[PDB]
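A short write-up of the structure that comes next.
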Amino acid sequence: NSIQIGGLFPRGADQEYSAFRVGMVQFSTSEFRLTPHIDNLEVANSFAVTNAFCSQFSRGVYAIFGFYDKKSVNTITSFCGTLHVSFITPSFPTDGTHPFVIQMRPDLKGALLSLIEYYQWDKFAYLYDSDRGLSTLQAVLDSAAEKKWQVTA
Amino acid sequence: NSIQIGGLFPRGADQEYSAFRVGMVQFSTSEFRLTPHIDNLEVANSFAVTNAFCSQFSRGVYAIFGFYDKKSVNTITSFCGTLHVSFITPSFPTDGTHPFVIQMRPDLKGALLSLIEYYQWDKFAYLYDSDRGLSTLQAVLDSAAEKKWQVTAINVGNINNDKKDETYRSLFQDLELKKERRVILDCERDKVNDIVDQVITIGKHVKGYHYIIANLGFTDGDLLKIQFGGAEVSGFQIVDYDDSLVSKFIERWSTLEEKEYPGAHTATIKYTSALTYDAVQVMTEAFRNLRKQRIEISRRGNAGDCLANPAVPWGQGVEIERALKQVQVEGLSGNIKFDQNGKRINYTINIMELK
Amino acid sequence: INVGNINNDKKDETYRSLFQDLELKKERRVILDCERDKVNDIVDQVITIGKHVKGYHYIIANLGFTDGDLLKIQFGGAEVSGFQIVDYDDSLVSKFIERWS
Amino acid sequence: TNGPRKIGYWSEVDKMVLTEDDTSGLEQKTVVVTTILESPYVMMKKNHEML
């Protein structure tokens, strides 16, 4: 058997793409030859991500793998929520319990908030960047209100 | 002439769609005839927004009216940013200076910070609905450092309707651990109503509490029931009923039949609907300016496909964007001007307060 | 204080005025000795003027403490108390209430 | 807060009798303080048997 898969990689993701290739050289077998349709387009651009996603649908690949950003995640989770195409990604976890998206990165929130209690912190700055989802910020803000901390976000 | 225009409307935007039709009835002209095509799909479902966009894009519409939400906004902004099809909306301002987005809802963050200064606040709660986007939570927290405030920000959005009784109680009871009294409500009026209804039910509208309704619809909520609590309430409205044009509109608006224009048979109008009505004026005025300037809109009806690769911009959309961002008119929302980013400038917001 | 002859056509500011006059004395303990359909209306105005936070205490001086729309003052923190002649703990009453409802 | 509850009963002969289920009863408690009788820190007042 041969099994086409979508590969939807950011430009400059070489160390993850090399790990994809090395992973493919490791795990693949002649019985079911996973065959990447690689695409390299601006992942922060929803048009290019959607256009490539439609093309990788148009070649009937059985699954798609790739990375996304806080801009494009509202496309991927909605297309996969519609065409039922299963998308596997290690990028930042989606907040909703969206079907047909597999996210390999674990939830950081509980571990970070536990470390704060282990350190017995009560007043700290929280500098943050939007482009991984503000789920982390919301969890420290909600906890700080409950735990009567102060945060200089 | 007749002009094909696109339309995506949220399911339940009955007063906005009514205001759109009223705008067409008011601002139509024999010379050029704006001819809507309307699609009604879930604005929060980016696939549906994408599909309806590409359908209306395949129709070759010269501009699209509609709305977007924090999920689909990255589709509409990026597609239009690429396809040069101007998108006109009353939705919240985009964070970026995206070209081809004509966004009516003026900057609230600046007015919000100035009012919080005006009340001399230093420690307060700030309740935000996550789903409108956190651009206002950013701008208050950025200043809270410099202004040495103690913003107790809390997410209130993801509280599900099945249990939206104990949670609002619990939410304010947790604030009563700090004994917070000053509160900002940063929600759509469908959520400001619900939280105010719980605020009265938990009794926290006596003297001492003070709520700021950080939206452009201070009068559009069910305000009456906190008018007499003894607390104070204040906020903002973009529409000013003192204007003669607004009053003349409101008479023409309230007198409509509710069968044909549902939700229009009232002496009040949602700011979203008012910006919609103003939007139809602006779209007419831009195409009027094209015909004043003898600009040709003549993109062929066989406009192509949204998925066409390589991408296929079109020249006339640039001229449409140039005109749209240069129109100046009065409307329900007062004087309008646009910057090159399509955000409004030289406007004014009416600060309202509940005595 | 008489509260009966406040007519339905103007039963809005008269109740606010009524409690504002009590707030001259700063009264807090109140007996509502009214019929059910008037307990509802005055309790509804009692929330709207904000006077159901803890500190107030209303006695519903009728045999129908549970029969009015009690729920909306359950949470304000002003304690409320009164009387009921029927007791739903009785098996005969429970069997009746099933047969009744 | 949990809803309308009984707290007692009344009759013409049985003047108000509570059901001995009042939550208020418990909550407010008092620390036990241990000390020793020595002057002038802790001493018995002349009228202590009336107190």
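Line by line, the protein sequences give chains U, W, F and A. In case it helps, PDB author numbering puts the first sequence at residues 10 to 162. In case it helps, PDB author numbering puts the second sequence at residues 10 to 364. In case it helps, PDB author numbering puts the third sequence at residues 163 to 263. In case it helps, PDB author numbering puts the fourth sequence at residues 365 to 415. Backbone N, C-alpha and C define an ideal beta-carbon position, used for all residues, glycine too.
Check	Outcome
With 16 other Cβ atoms within 10 Å as the buried cut-off, status of residue 286/W	buried
Runs of alpha helix (DSSP H) lying entirely within the stretch 18 to 105 of chain U, each at least 4 residues, in chain order	23 to 36, 55 to 67, 82 to 92
Backbone CA spacing between residue 246/W and residue 343/W [nearest angstrom]	11 Å
Paired residues, beta bridge with residue 113/W - DSSP	For residue 113/W, which the question treats as bridged, DSSP gives no partner whatsoever.
Host alpha helix (DSSP H) of residue 295/W (start-end)	280 to 301
DSSP three-state assignment for residue 355/W, whether helix, strand or coil	coil
Selected residue, minimal CA-CA separation from residue 198/F, among 226/F, 174/F, 212/F	226/F
Residue 142/W (DSSP reduced to helix, strand or coil)	coil
Which of helix, strand or coil DSSP assigns to residue 380/A	coil
Residue 163/W: contacting residues in chain U (beta-carbon distance under 8 Å)	150, 151, 154
Residue environment, residue 44/W, which counts as buried when at least 16 other CB atoms sit within 10 Å	exposed
Extent of the continuous alpha helix (DSSP H) to which residue 204/W belongs	198 to 210
Alpha-carbon spacing of residue 186/W relative to residue 262/F, whole angstroms	46 Å
Validate contact between the stretch 164 to 182 of chain F and the stretch 332 to 341 of chain W using beta carbons, cut 8 Å, 3 pairs	no
Closer than 8 Å to chain W by CB, residue 90/U	yes
Close Cβ partners of residue 337/A (< 8 Å) along its chain, the five nearest in sequence each way excluded	Residue 337/A lies beyond the stretch modelled for chain A, which goes from 365 to 415, so this question has no answer here.
Any 3 or more C-beta pairs closer than 8 Å across the stretch 94 to 111 of chain W and the stretch 342 to 358 of chain W	yes
Contact list for residue 365/A against chain F, beta-carbon separation under 9 Å	236, 237, 239
Selection from 118/U, 52/U, 48/U, 12/U that minimises the alpha carbon distance to residue 37/U	12/U
Inter-stretch contact (C-beta, 8 Å, three-pair minimum) for the stretch 122 to 130 of chain U and the stretch 120 to 129 of chain W	no
Residue span of the alpha helix (DSSP H) that contains residue 263/F, given as start and end	No alpha helix (DSSP H) contains residue 263/F, which DSSP labels as neither H nor E.
DSSP state of residue 243/W mapped onto helix, strand, coil	strand
Endpoints, the beta strand (DSSP E) within which residue 235/F is located	Where residue 235/F is concerned, there is no enclosing beta strand (DSSP E), given that its DSSP letter is neither H nor E.
Pair within 8 Å by beta-carbon distance, residue 221/F and residue 193/F	yes
8 Å Cβ cutoff met for residue 55/W and residue 27/W	no
Beta-carbon proximity check, residue 62/W vs residue 97/W, cutoff 8 Å	no
Where residue 330/W sits in the DSSP three-state scheme	helix
First through last residue of the alpha helix (DSSP H) which encompasses residue 225/F	Segment: none, residue 225/F is in no alpha helix (DSSP H) and carries neither H nor E.
Neighbour list for residue 232/F in chain A, Cβ cutoff strictly below 9 Å	367, 368
Chain F contact residues for residue 178/W, given Cβ-Cβ distances below 8 Å	237
C-alpha distance - residue 101/W paired with residue 71/U, whole-angstrom precision	38 Å
Beta carbon proximity, residue 49/U to chain W, threshold 8 Å	no
Residue of 311/W, 224/W, 254/W, 242/W minimising C-alpha distance to residue 364/W	242/W
Under 7 Å by beta carbon: chain W residues contacting residue 210/F	234, 237
Proximal residues, the stretch 82 to 108 of chain W versus chain U, C-beta separation under 7 Å	83, 84, 87, 88, 91
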